[PDB]
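Have a look at target_3.tsv; it's TSV, N, CA and C atoms:
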```
chain	number	residue	atom	x	y	z
A	1856	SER	N	1.72	13.66	-28.21
A	1856	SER	CA	1.97	12.71	-29.37
A	1856	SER	C	3.43	12.89	-29.75
A	1857	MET	N	3.86	12.33	-30.90
A	1857	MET	CA	5.27	12.50	-31.37
A	1857	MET	C	5.76	13.93	-31.43
A	1858	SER	N	6.85	14.22	-30.66
A	1858	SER	CA	7.46	15.59	-30.64
A	1858	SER	C	6.50	16.66	-29.98
A	1859	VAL	N	5.52	16.17	-29.25
A	1859	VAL	CA	4.49	17.03	-28.55
A	1859	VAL	C	4.27	16.56	-27.15
A	1860	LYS	N	4.92	17.27	-26.22
A	1860	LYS	CA	4.87	16.91	-24.80
A	1860	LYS	C	4.46	18.02	-23.86
A	1861	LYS	N	3.62	17.67	-22.88
A	1861	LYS	CA	3.33	18.48	-21.69
A	1861	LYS	C	4.62	18.80	-20.97
A	1862	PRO	N	4.66	19.95	-20.30
A	1862	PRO	CA	5.84	20.31	-19.49
A	1862	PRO	C	6.27	19.18	-18.48
A	1863	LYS	N	7.60	18.98	-18.34
A	1863	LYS	CA	8.16	17.85	-17.56
A	1863	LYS	C	8.04	18.07	-16.02
A	1864	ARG	N	7.03	17.44	-15.39
A	1864	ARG	CA	6.96	17.25	-13.91
A	1864	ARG	C	8.25	16.62	-13.32
A	1865	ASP	N	8.77	17.26	-12.27
A	1865	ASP	CA	10.01	16.80	-11.63
A	1865	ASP	C	9.64	15.56	-10.78
A	1866	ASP	N	10.10	14.41	-11.23
A	1866	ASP	CA	9.84	13.11	-10.54
A	1866	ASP	C	11.09	12.59	-9.79
A	1867	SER	N	12.14	13.40	-9.72
A	1867	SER	CA	13.45	12.97	-9.15
A	1867	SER	C	13.46	12.62	-7.62
A	1868	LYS	N	12.51	13.16	-6.91
A	1868	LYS	CA	12.27	12.95	-5.49
A	1868	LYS	C	11.16	11.92	-5.16
A	1869	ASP	N	10.55	11.36	-6.17
A	1869	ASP	CA	9.40	10.44	-5.92
A	1869	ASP	C	9.81	9.22	-5.10
A	1870	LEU	N	10.93	8.59	-5.46
A	1870	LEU	CA	11.44	7.41	-4.72
A	1870	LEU	C	11.63	7.68	-3.23
A	1871	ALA	N	12.33	8.77	-2.91
A	1871	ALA	CA	12.52	9.19	-1.56
A	1871	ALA	C	11.25	9.50	-0.86
A	1872	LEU	N	10.35	10.20	-1.53
A	1872	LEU	CA	9.10	10.56	-0.90
A	1872	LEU	C	8.13	9.32	-0.64
A	1873	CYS	N	8.08	8.40	-1.61
A	1873	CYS	CA	7.28	7.14	-1.38
A	1873	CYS	C	7.87	6.35	-0.16
A	1874	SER	N	9.22	6.37	-0.05
A	1874	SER	CA	9.91	5.72	1.08
A	1874	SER	C	9.48	6.32	2.40
A	1875	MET	N	9.36	7.64	2.46
A	1875	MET	CA	8.95	8.32	3.65
A	1875	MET	C	7.51	8.02	4.03
A	1876	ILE	N	6.60	8.05	3.06
A	1876	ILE	CA	5.24	7.63	3.29
A	1876	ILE	C	5.18	6.20	3.83
A	1877	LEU	N	5.91	5.30	3.22
A	1877	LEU	CA	5.88	3.88	3.61
A	1877	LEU	C	6.41	3.73	5.03
A	1878	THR	N	7.49	4.49	5.41
A	1878	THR	CA	7.94	4.54	6.82
A	1878	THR	C	6.86	4.95	7.78
A	1879	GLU	N	6.04	5.95	7.44
A	1879	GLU	CA	5.00	6.42	8.24
A	1879	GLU	C	3.86	5.37	8.38
A	1880	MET	N	3.60	4.63	7.31
A	1880	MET	CA	2.58	3.56	7.35
A	1880	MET	C	3.13	2.39	8.25
A	1881	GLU	N	4.41	2.01	8.07
A	1881	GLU	CA	5.08	0.99	8.87
A	1881	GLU	C	5.03	1.25	10.39
A	1882	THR	N	5.08	2.51	10.79
A	1882	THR	CA	5.20	2.90	12.18
A	1882	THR	C	3.87	3.25	12.80
A	1883	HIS	N	2.77	3.28	12.05
A	1883	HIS	CA	1.45	3.52	12.60
A	1883	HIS	C	1.06	2.35	13.53
A	1884	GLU	N	0.39	2.68	14.62
A	1884	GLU	CA	0.02	1.64	15.59
A	1884	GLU	C	-0.95	0.58	15.05
A	1885	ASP	N	-1.73	0.89	14.01
A	1885	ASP	CA	-2.64	-0.01	13.38
A	1885	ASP	C	-2.06	-0.78	12.12
A	1886	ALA	N	-0.76	-0.74	11.95
A	1886	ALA	CA	-0.09	-1.37	10.85
A	1886	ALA	C	0.04	-2.89	11.01
A	1887	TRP	N	-0.03	-3.38	12.27
A	1887	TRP	CA	0.25	-4.79	12.58
A	1887	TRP	C	-0.41	-5.85	11.69
A	1888	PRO	N	-1.64	-5.67	11.19
A	1888	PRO	CA	-2.14	-6.74	10.26
A	1888	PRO	C	-1.48	-6.83	8.88
A	1889	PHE	N	-0.67	-5.79	8.56
A	1889	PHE	CA	-0.17	-5.49	7.18
A	1889	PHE	C	1.36	-5.55	7.09
A	1890	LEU	N	2.07	-5.75	8.18
A	1890	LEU	CA	3.55	-5.66	8.19
A	1890	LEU	C	4.25	-6.78	7.41
A	1891	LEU	N	3.65	-7.96	7.43
A	1891	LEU	CA	4.22	-9.15	6.84
A	1891	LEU	C	3.22	-9.86	6.00
A	1892	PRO	N	3.69	-10.70	5.04
A	1892	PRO	CA	2.72	-11.45	4.26
A	1892	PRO	C	1.83	-12.39	5.13
A	1893	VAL	N	0.56	-12.48	4.76
A	1893	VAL	CA	-0.37	-13.42	5.41
A	1893	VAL	C	0.19	-14.81	5.22
A	1894	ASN	N	0.17	-15.63	6.29
A	1894	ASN	CA	0.80	-16.99	6.19
A	1894	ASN	C	-0.21	-17.94	5.52
A	1895	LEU	N	0.05	-18.25	4.26
A	1895	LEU	CA	-0.87	-19.02	3.42
A	1895	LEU	C	-1.02	-20.47	3.84
A	1896	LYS	N	-0.06	-20.99	4.62
A	1896	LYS	CA	-0.23	-22.33	5.24
A	1896	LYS	C	-1.16	-22.28	6.43
A	1897	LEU	N	-1.23	-21.16	7.16
A	1897	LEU	CA	-1.98	-21.12	8.42
A	1897	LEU	C	-3.29	-20.39	8.40
A	1898	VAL	N	-3.67	-19.76	7.28
A	1898	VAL	CA	-4.93	-19.00	7.25
A	1898	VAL	C	-5.78	-19.61	6.18
A	1899	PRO	N	-6.70	-20.51	6.61
A	1899	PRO	CA	-7.65	-21.10	5.67
A	1899	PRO	C	-8.36	-20.10	4.82
A	1900	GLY	N	-8.45	-20.41	3.55
A	1900	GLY	CA	-9.18	-19.66	2.56
A	1900	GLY	C	-8.39	-18.55	1.86
A	1901	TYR	N	-7.32	-18.08	2.50
A	1901	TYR	CA	-6.58	-16.88	1.95
A	1901	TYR	C	-5.97	-17.10	0.60
A	1902	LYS	N	-5.29	-18.25	0.45
A	1902	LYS	CA	-4.59	-18.56	-0.81
A	1902	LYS	C	-5.55	-18.60	-1.99
A	1903	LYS	N	-6.66	-19.32	-1.81
A	1903	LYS	CA	-7.67	-19.39	-2.92
A	1903	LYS	C	-8.41	-18.10	-3.21
A	1904	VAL	N	-8.75	-17.38	-2.16
A	1904	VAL	CA	-9.62	-16.22	-2.32
A	1904	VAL	C	-8.87	-14.98	-2.79
A	1905	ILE	N	-7.69	-14.77	-2.24
A	1905	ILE	CA	-6.96	-13.45	-2.47
A	1905	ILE	C	-5.93	-13.68	-3.56
A	1906	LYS	N	-6.26	-13.25	-4.74
A	1906	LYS	CA	-5.49	-13.70	-5.89
A	1906	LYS	C	-4.10	-13.02	-5.93
A	1907	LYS	N	-4.01	-11.80	-5.37
A	1907	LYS	CA	-2.75	-11.11	-5.32
A	1907	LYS	C	-2.45	-10.54	-3.92
A	1908	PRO	N	-1.84	-11.34	-3.05
A	1908	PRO	CA	-1.49	-10.92	-1.68
A	1908	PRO	C	-0.49	-9.78	-1.76
A	1909	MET	N	-0.61	-8.83	-0.84
A	1909	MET	CA	0.37	-7.72	-0.79
A	1909	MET	C	0.49	-7.27	0.66
A	1910	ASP	N	1.67	-6.81	1.11
A	1910	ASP	CA	1.86	-6.38	2.47
A	1910	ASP	C	2.97	-5.33	2.46
A	1911	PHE	N	3.18	-4.64	3.60
A	1911	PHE	CA	4.16	-3.52	3.62
A	1911	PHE	C	5.59	-4.00	3.41
A	1912	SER	N	5.97	-5.17	3.95
A	1912	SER	CA	7.36	-5.66	3.78
A	1912	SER	C	7.71	-6.00	2.31
A	1913	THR	N	6.74	-6.51	1.56
A	1913	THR	CA	6.81	-6.81	0.17
A	1913	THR	C	6.88	-5.50	-0.66
A	1914	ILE	N	6.11	-4.49	-0.28
A	1914	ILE	CA	6.20	-3.17	-0.94
A	1914	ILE	C	7.59	-2.60	-0.68
A	1915	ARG	N	8.04	-2.71	0.58
A	1915	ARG	CA	9.39	-2.16	0.93
A	1915	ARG	C	10.49	-2.81	0.08
A	1916	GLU	N	10.48	-4.12	-0.08
A	1916	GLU	CA	11.48	-4.82	-0.90
A	1916	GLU	C	11.39	-4.43	-2.40
A	1917	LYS	N	10.17	-4.32	-2.92
A	1917	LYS	CA	9.96	-3.91	-4.29
A	1917	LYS	C	10.50	-2.46	-4.50
A	1918	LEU	N	10.22	-1.58	-3.55
A	1918	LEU	CA	10.65	-0.19	-3.65
A	1918	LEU	C	12.19	-0.07	-3.65
A	1919	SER	N	12.80	-0.74	-2.68
A	1919	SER	CA	14.23	-0.79	-2.52
A	1919	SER	C	15.00	-1.43	-3.68
A	1920	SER	N	14.37	-2.16	-4.58
A	1920	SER	CA	15.04	-2.94	-5.60
A	1920	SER	C	14.65	-2.50	-6.98
A	1921	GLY	N	14.06	-1.28	-7.06
A	1921	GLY	CA	13.67	-0.73	-8.37
A	1921	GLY	C	12.65	-1.43	-9.12
A	1922	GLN	N	11.69	-2.08	-8.41
A	1922	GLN	CA	10.62	-2.77	-9.09
A	1922	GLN	C	9.31	-1.96	-9.28
A	1923	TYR	N	9.31	-0.71	-8.80
A	1923	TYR	CA	8.22	0.24	-9.13
A	1923	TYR	C	8.68	1.20	-10.28
A	1924	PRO	N	8.06	1.07	-11.44
A	1924	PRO	CA	8.41	1.99	-12.53
A	1924	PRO	C	8.03	3.43	-12.28
A	1925	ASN	N	6.99	3.71	-11.48
A	1925	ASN	CA	6.58	5.10	-11.26
A	1925	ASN	C	5.75	5.15	-9.93
A	1926	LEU	N	5.49	6.37	-9.44
A	1926	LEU	CA	4.76	6.51	-8.15
A	1926	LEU	C	3.29	5.89	-8.23
A	1927	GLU	N	2.66	5.79	-9.40
A	1927	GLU	CA	1.33	5.21	-9.46
A	1927	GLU	C	1.33	3.69	-9.22
A	1928	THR	N	2.37	3.01	-9.68
A	1928	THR	CA	2.44	1.57	-9.45
A	1928	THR	C	2.65	1.32	-7.97
A	1929	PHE	N	3.33	2.21	-7.26
A	1929	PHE	CA	3.50	2.16	-5.82
A	1929	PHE	C	2.17	2.28	-5.11
A	1930	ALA	N	1.40	3.31	-5.49
A	1930	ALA	CA	0.04	3.53	-4.85
A	1930	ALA	C	-0.89	2.34	-5.10
A	1931	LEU	N	-0.82	1.73	-6.28
A	1931	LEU	CA	-1.67	0.57	-6.59
A	1931	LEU	C	-1.41	-0.61	-5.59
A	1932	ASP	N	-0.14	-0.89	-5.30
A	1932	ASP	CA	0.19	-1.94	-4.31
A	1932	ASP	C	-0.24	-1.56	-2.91
A	1933	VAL	N	-0.09	-0.29	-2.48
A	1933	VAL	CA	-0.55	0.09	-1.16
A	1933	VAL	C	-2.09	-0.14	-1.09
A	1934	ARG	N	-2.80	0.33	-2.11
A	1934	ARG	CA	-4.29	0.19	-2.14
A	1934	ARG	C	-4.70	-1.28	-2.18
A	1935	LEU	N	-3.94	-2.13	-2.88
A	1935	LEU	CA	-4.16	-3.57	-2.90
A	1935	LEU	C	-4.15	-4.17	-1.51
A	1936	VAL	N	-3.25	-3.72	-0.61
A	1936	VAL	CA	-3.20	-4.17	0.71
A	1936	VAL	C	-4.60	-3.96	1.39
A	1937	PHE	N	-5.15	-2.77	1.22
A	1937	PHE	CA	-6.45	-2.46	1.85
A	1937	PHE	C	-7.67	-3.05	1.20
A	1938	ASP	N	-7.65	-3.20	-0.11
A	1938	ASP	CA	-8.66	-3.93	-0.85
A	1938	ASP	C	-8.69	-5.38	-0.52
A	1939	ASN	N	-7.52	-6.00	-0.39
A	1939	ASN	CA	-7.46	-7.40	0.14
A	1939	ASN	C	-8.04	-7.53	1.54
A	1940	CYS	N	-7.70	-6.56	2.40
A	1940	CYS	CA	-8.20	-6.59	3.78
A	1940	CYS	C	-9.73	-6.56	3.80
A	1941	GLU	N	-10.29	-5.67	3.01
A	1941	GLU	CA	-11.78	-5.54	2.97
A	1941	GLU	C	-12.43	-6.80	2.39
A	1942	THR	N	-11.77	-7.41	1.44
A	1942	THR	CA	-12.27	-8.67	0.87
A	1942	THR	C	-12.40	-9.81	1.90
A	1943	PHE	N	-11.44	-9.89	2.79
A	1943	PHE	CA	-11.33	-10.99	3.73
A	1943	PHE	C	-11.87	-10.75	5.14
A	1944	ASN	N	-12.08	-9.47	5.55
A	1944	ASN	CA	-12.33	-9.17	6.95
A	1944	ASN	C	-13.65	-8.34	7.06
A	1945	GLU	N	-14.48	-8.73	8.01
A	1945	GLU	CA	-15.67	-7.93	8.29
A	1945	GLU	C	-15.23	-6.50	8.71
A	1946	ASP	N	-16.04	-5.52	8.32
A	1946	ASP	CA	-15.86	-4.09	8.78
A	1946	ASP	C	-15.82	-3.94	10.31
A	1947	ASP	N	-16.70	-4.68	11.00
A	1947	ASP	CA	-16.77	-4.68	12.45
A	1947	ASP	C	-15.86	-5.79	13.05
A	1948	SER	N	-14.56	-5.61	12.85
A	1948	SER	CA	-13.49	-6.49	13.39
A	1948	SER	C	-12.30	-5.59	13.64
A	1949	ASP	N	-11.35	-5.99	14.47
A	1949	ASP	CA	-10.18	-5.17	14.72
A	1949	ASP	C	-9.38	-4.96	13.40
A	1950	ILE	N	-9.20	-6.04	12.65
A	1950	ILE	CA	-8.43	-5.95	11.38
A	1950	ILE	C	-9.18	-5.12	10.36
A	1951	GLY	N	-10.52	-5.32	10.25
A	1951	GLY	CA	-11.38	-4.60	9.32
A	1951	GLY	C	-11.23	-3.06	9.59
A	1952	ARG	N	-11.32	-2.66	10.86
A	1952	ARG	CA	-11.21	-1.24	11.24
A	1952	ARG	C	-9.79	-0.73	10.96
A	1953	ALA	N	-8.79	-1.57	11.27
A	1953	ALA	CA	-7.38	-1.22	11.02
A	1953	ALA	C	-7.23	-0.88	9.55
A	1954	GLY	N	-7.82	-1.69	8.67
A	1954	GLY	CA	-7.67	-1.43	7.20
A	1954	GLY	C	-8.27	-0.12	6.76
A	1955	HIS	N	-9.46	0.17	7.28
A	1955	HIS	CA	-10.07	1.47	6.96
A	1955	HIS	C	-9.27	2.59	7.46
A	1956	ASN	N	-8.75	2.51	8.71
A	1956	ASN	CA	-7.97	3.57	9.29
A	1956	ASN	C	-6.69	3.85	8.48
A	1957	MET	N	-6.00	2.76	8.10
A	1957	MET	CA	-4.73	2.90	7.36
A	1957	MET	C	-4.93	3.43	5.96
A	1958	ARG	N	-5.99	3.02	5.31
A	1958	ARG	CA	-6.31	3.55	3.99
A	1958	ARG	C	-6.53	5.08	4.02
A	1959	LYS	N	-7.35	5.51	4.97
A	1959	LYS	CA	-7.46	6.98	5.22
A	1959	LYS	C	-6.14	7.69	5.50
A	1960	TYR	N	-5.28	7.15	6.39
A	1960	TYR	CA	-4.01	7.70	6.71
A	1960	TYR	C	-3.15	7.85	5.43
A	1961	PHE	N	-3.13	6.78	4.62
A	1961	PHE	CA	-2.38	6.76	3.35
A	1961	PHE	C	-2.85	7.84	2.34
A	1962	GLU	N	-4.15	7.92	2.12
A	1962	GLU	CA	-4.71	8.74	1.08
A	1962	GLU	C	-4.46	10.21	1.37
A	1963	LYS	N	-4.46	10.59	2.66
A	1963	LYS	CA	-4.15	11.97	3.02
A	1963	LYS	C	-2.70	12.29	2.77
A	1964	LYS	N	-1.77	11.41	3.19
A	1964	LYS	CA	-0.37	11.63	2.94
A	1964	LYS	C	-0.09	11.71	1.45
A	1965	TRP	N	-0.77	10.88	0.68
A	1965	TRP	CA	-0.59	10.81	-0.75
A	1965	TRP	C	-0.99	12.17	-1.42
A	1966	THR	N	-2.18	12.65	-1.11
A	1966	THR	CA	-2.72	13.94	-1.59
A	1966	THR	C	-1.83	15.09	-1.15
A	1967	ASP	N	-1.45	15.13	0.12
A	1967	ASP	CA	-0.63	16.22	0.64
A	1967	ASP	C	0.77	16.23	0.05
A	1968	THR	N	1.34	15.05	-0.27
A	1968	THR	CA	2.71	15.00	-0.81
A	1968	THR	C	2.78	15.29	-2.31
A	1969	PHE	N	1.79	14.83	-3.07
A	1969	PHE	CA	1.85	14.77	-4.52
A	1969	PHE	C	0.74	15.55	-5.28
A	1970	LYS	N	-0.41	15.84	-4.68
A	1970	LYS	CA	-1.52	16.56	-5.36
A	1970	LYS	C	-1.63	18.03	-4.91
```

Represent the structure of the file as structure tokens.
Amino acid sequence: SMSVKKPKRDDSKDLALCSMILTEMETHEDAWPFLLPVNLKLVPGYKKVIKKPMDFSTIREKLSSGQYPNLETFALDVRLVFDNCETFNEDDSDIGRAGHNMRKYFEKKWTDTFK
């Protein structure tokens, strides 16, 4: 509360560390469904159904331009990518499996880097 604070966690490396995680997600062999925004002119149903599209290139631009206020807003966009994937793609599909695999890969890096 006012004039009452928990000890200050060092957040000075968070930007660099989120960048490194995102590089690792970008370079994973199963990243291909997520590298670029879904083409809303060419994929029937996507625009109406997926209210907030998100992809790795869009996260990269937001990160690079100071549009993430803190490491949690960064994780929310990464998770949005996988939540969108599950919304639109059957589990038993190449893209569906890619999304599950990448979400697991992300969550481990996240825990190991920050928790």

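Residues of protein, DNA and RNA with at least one atom no farther than 6.5 Å from (-6.9, -2.4, 12.3) are, using all atoms listed in the file, residues 1885, 1886, 1888, 1948, 1949, 1950, 1951, 1952, 1953, 1954, 1955 and 1956 of chain A.
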
At what distance in Å, to one decimal, does atom N of residue A:1894 lie from atom CA of residue A:1914?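 Atom CA of residue A:1914 sits 15.6 Å away from atom N of residue A:1894.
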
Quick one: DSSP helix (DSSP H, G or I) residues in stretch 1858-1888 of chain A, as a list in words?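 Of stretch 1858-1888 of chain A, the ones in helix (DSSP H, G or I) are residues 1869, 1870, 1871, 1872, 1873, 1874, 1875, 1876, 1877, 1878, 1879, 1880, 1881 and 1882 of chain A.
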
Report, in Å to a single decimal, how far apart atom CA of residue A:1938 and atom CA of residue A:1966 are.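 Computing the Euclidean distance for atom CA of residue A:1966 and atom CA of residue A:1938 yields 18.8 Å.
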
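One distance worth recording is that between atom C of residue A:1890 and atom N of residue A:1910, which is 6.8 Å.
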
Taking all atoms listed in the file into account, name the residue in A:1931, A:1876, A:1897, A:1936 that is nearest to residue A:1965. A:1876

Please determine an axis-aligned box that encloses all atoms of stretch 1890-1896 of chain A listed in the file, with 4 Å added on each side, and express its centre and edge lengths in Å to one decimal as JSON.
```
{"center_x": 1.5, "center_y": -14.0, "center_z": 5.8, "size_x": 13.4, "size_y": 24.7, "size_z": 12.8}
```

Generate N, CA, C and O atoms for stretch 1899-1921 of chain A and emit them as a PDB file, in the frame of the given file.
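Here's the written file part_26.pdb:
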```pdb
ATOM      1  N   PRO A1899      -6.700 -20.510   6.610  1.00  0.00           N
ATOM      2  CA  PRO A1899      -7.650 -21.100   5.670  1.00  0.00           C
ATOM      3  C   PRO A1899      -8.360 -20.100   4.820  1.00  0.00           C
ATOM      4  O   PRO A1899      -8.806 -19.071   5.298  1.00  0.00           O
ATOM      5  N   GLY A1900      -8.450 -20.410   3.550  1.00  0.00           N
ATOM      6  CA  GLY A1900      -9.180 -19.660   2.560  1.00  0.00           C
ATOM      7  C   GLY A1900      -8.390 -18.550   1.860  1.00  0.00           C
ATOM      8  O   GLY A1900      -8.719 -18.171   0.742  1.00  0.00           O
ATOM      9  N   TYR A1901      -7.320 -18.080   2.500  1.00  0.00           N
ATOM     10  CA  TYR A1901      -6.580 -16.880   1.950  1.00  0.00           C
ATOM     11  C   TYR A1901      -5.970 -17.100   0.600  1.00  0.00           C
ATOM     12  O   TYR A1901      -6.128 -16.236  -0.323  1.00  0.00           O
ATOM     13  N   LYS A1902      -5.290 -18.250   0.450  1.00  0.00           N
ATOM     14  CA  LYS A1902      -4.590 -18.560  -0.810  1.00  0.00           C
ATOM     15  C   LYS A1902      -5.550 -18.600  -1.990  1.00  0.00           C
ATOM     16  O   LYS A1902      -5.320 -17.986  -3.061  1.00  0.00           O
ATOM     17  N   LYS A1903      -6.660 -19.320  -1.810  1.00  0.00           N
ATOM     18  CA  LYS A1903      -7.670 -19.390  -2.920  1.00  0.00           C
ATOM     19  C   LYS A1903      -8.410 -18.100  -3.210  1.00  0.00           C
ATOM     20  O   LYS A1903      -8.769 -17.749  -4.334  1.00  0.00           O
ATOM     21  N   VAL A1904      -8.750 -17.380  -2.160  1.00  0.00           N
ATOM     22  CA  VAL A1904      -9.620 -16.220  -2.320  1.00  0.00           C
ATOM     23  C   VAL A1904      -8.870 -14.980  -2.790  1.00  0.00           C
ATOM     24  O   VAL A1904      -9.372 -14.233  -3.608  1.00  0.00           O
ATOM     25  N   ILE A1905      -7.690 -14.770  -2.240  1.00  0.00           N
ATOM     26  CA  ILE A1905      -6.960 -13.450  -2.470  1.00  0.00           C
ATOM     27  C   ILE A1905      -5.930 -13.680  -3.560  1.00  0.00           C
ATOM     28  O   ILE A1905      -4.894 -14.281  -3.316  1.00  0.00           O
ATOM     29  N   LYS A1906      -6.260 -13.250  -4.740  1.00  0.00           N
ATOM     30  CA  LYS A1906      -5.490 -13.700  -5.890  1.00  0.00           C
ATOM     31  C   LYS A1906      -4.100 -13.020  -5.930  1.00  0.00           C
ATOM     32  O   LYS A1906      -3.150 -13.581  -6.483  1.00  0.00           O
ATOM     33  N   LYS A1907      -4.010 -11.800  -5.370  1.00  0.00           N
ATOM     34  CA  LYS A1907      -2.750 -11.110  -5.320  1.00  0.00           C
ATOM     35  C   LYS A1907      -2.450 -10.540  -3.920  1.00  0.00           C
ATOM     36  O   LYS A1907      -2.774  -9.352  -3.650  1.00  0.00           O
ATOM     37  N   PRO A1908      -1.840 -11.340  -3.050  1.00  0.00           N
ATOM     38  CA  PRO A1908      -1.490 -10.920  -1.680  1.00  0.00           C
ATOM     39  C   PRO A1908      -0.490  -9.780  -1.760  1.00  0.00           C
ATOM     40  O   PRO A1908       0.343  -9.739  -2.707  1.00  0.00           O
ATOM     41  N   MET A1909      -0.610  -8.830  -0.840  1.00  0.00           N
ATOM     42  CA  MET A1909       0.370  -7.720  -0.790  1.00  0.00           C
ATOM     43  C   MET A1909       0.490  -7.270   0.660  1.00  0.00           C
ATOM     44  O   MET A1909      -0.542  -7.393   1.417  1.00  0.00           O
ATOM     45  N   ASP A1910       1.670  -6.810   1.110  1.00  0.00           N
ATOM     46  CA  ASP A1910       1.860  -6.380   2.470  1.00  0.00           C
ATOM     47  C   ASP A1910       2.970  -5.330   2.460  1.00  0.00           C
ATOM     48  O   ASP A1910       3.683  -5.243   1.460  1.00  0.00           O
ATOM     49  N   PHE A1911       3.180  -4.640   3.600  1.00  0.00           N
ATOM     50  CA  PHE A1911       4.160  -3.520   3.620  1.00  0.00           C
ATOM     51  C   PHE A1911       5.590  -4.000   3.410  1.00  0.00           C
ATOM     52  O   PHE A1911       6.357  -3.277   2.741  1.00  0.00           O
ATOM     53  N   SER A1912       5.970  -5.170   3.950  1.00  0.00           N
ATOM     54  CA  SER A1912       7.360  -5.660   3.780  1.00  0.00           C
ATOM     55  C   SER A1912       7.710  -6.000   2.310  1.00  0.00           C
ATOM     56  O   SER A1912       8.832  -5.675   1.864  1.00  0.00           O
ATOM     57  N   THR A1913       6.740  -6.510   1.560  1.00  0.00           N
ATOM     58  CA  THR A1913       6.810  -6.810   0.170  1.00  0.00           C
ATOM     59  C   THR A1913       6.880  -5.500  -0.660  1.00  0.00           C
ATOM     60  O   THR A1913       7.810  -5.346  -1.554  1.00  0.00           O
ATOM     61  N   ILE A1914       6.110  -4.490  -0.280  1.00  0.00           N
ATOM     62  CA  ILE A1914       6.200  -3.170  -0.940  1.00  0.00           C
ATOM     63  C   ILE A1914       7.590  -2.600  -0.680  1.00  0.00           C
ATOM     64  O   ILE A1914       8.225  -2.027  -1.609  1.00  0.00           O
ATOM     65  N   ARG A1915       8.040  -2.710   0.580  1.00  0.00           N
ATOM     66  CA  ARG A1915       9.390  -2.160   0.930  1.00  0.00           C
ATOM     67  C   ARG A1915      10.490  -2.810   0.080  1.00  0.00           C
ATOM     68  O   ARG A1915      11.387  -2.090  -0.481  1.00  0.00           O
ATOM     69  N   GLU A1916      10.480  -4.120  -0.080  1.00  0.00           N
ATOM     70  CA  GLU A1916      11.480  -4.820  -0.900  1.00  0.00           C
ATOM     71  C   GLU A1916      11.390  -4.430  -2.400  1.00  0.00           C
ATOM     72  O   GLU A1916      12.398  -4.285  -3.099  1.00  0.00           O
ATOM     73  N   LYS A1917      10.170  -4.320  -2.920  1.00  0.00           N
ATOM     74  CA  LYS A1917       9.960  -3.910  -4.290  1.00  0.00           C
ATOM     75  C   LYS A1917      10.500  -2.460  -4.500  1.00  0.00           C
ATOM     76  O   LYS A1917      11.162  -2.155  -5.552  1.00  0.00           O
ATOM     77  N   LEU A1918      10.220  -1.580  -3.550  1.00  0.00           N
ATOM     78  CA  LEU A1918      10.650  -0.190  -3.650  1.00  0.00           C
ATOM     79  C   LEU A1918      12.190  -0.070  -3.650  1.00  0.00           C
ATOM     80  O   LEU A1918      12.772   0.623  -4.474  1.00  0.00           O
ATOM     81  N   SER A1919      12.800  -0.740  -2.680  1.00  0.00           N
ATOM     82  CA  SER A1919      14.230  -0.790  -2.520  1.00  0.00           C
ATOM     83  C   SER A1919      15.000  -1.430  -3.680  1.00  0.00           C
ATOM     84  O   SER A1919      16.251  -1.290  -3.764  1.00  0.00           O
ATOM     85  N   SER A1920      14.370  -2.160  -4.580  1.00  0.00           N
ATOM     86  CA  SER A1920      15.040  -2.940  -5.600  1.00  0.00           C
ATOM     87  C   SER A1920      14.650  -2.500  -6.980  1.00  0.00           C
ATOM     88  O   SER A1920      14.785  -3.226  -7.978  1.00  0.00           O
ATOM     89  N   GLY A1921      14.060  -1.280  -7.060  1.00  0.00           N
ATOM     90  CA  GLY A1921      13.670  -0.730  -8.370  1.00  0.00           C
ATOM     91  C   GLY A1921      12.650  -1.430  -9.120  1.00  0.00           C
ATOM     92  O   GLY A1921      12.606  -1.381 -10.360  1.00  0.00           O
TER      93      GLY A1921
END
```
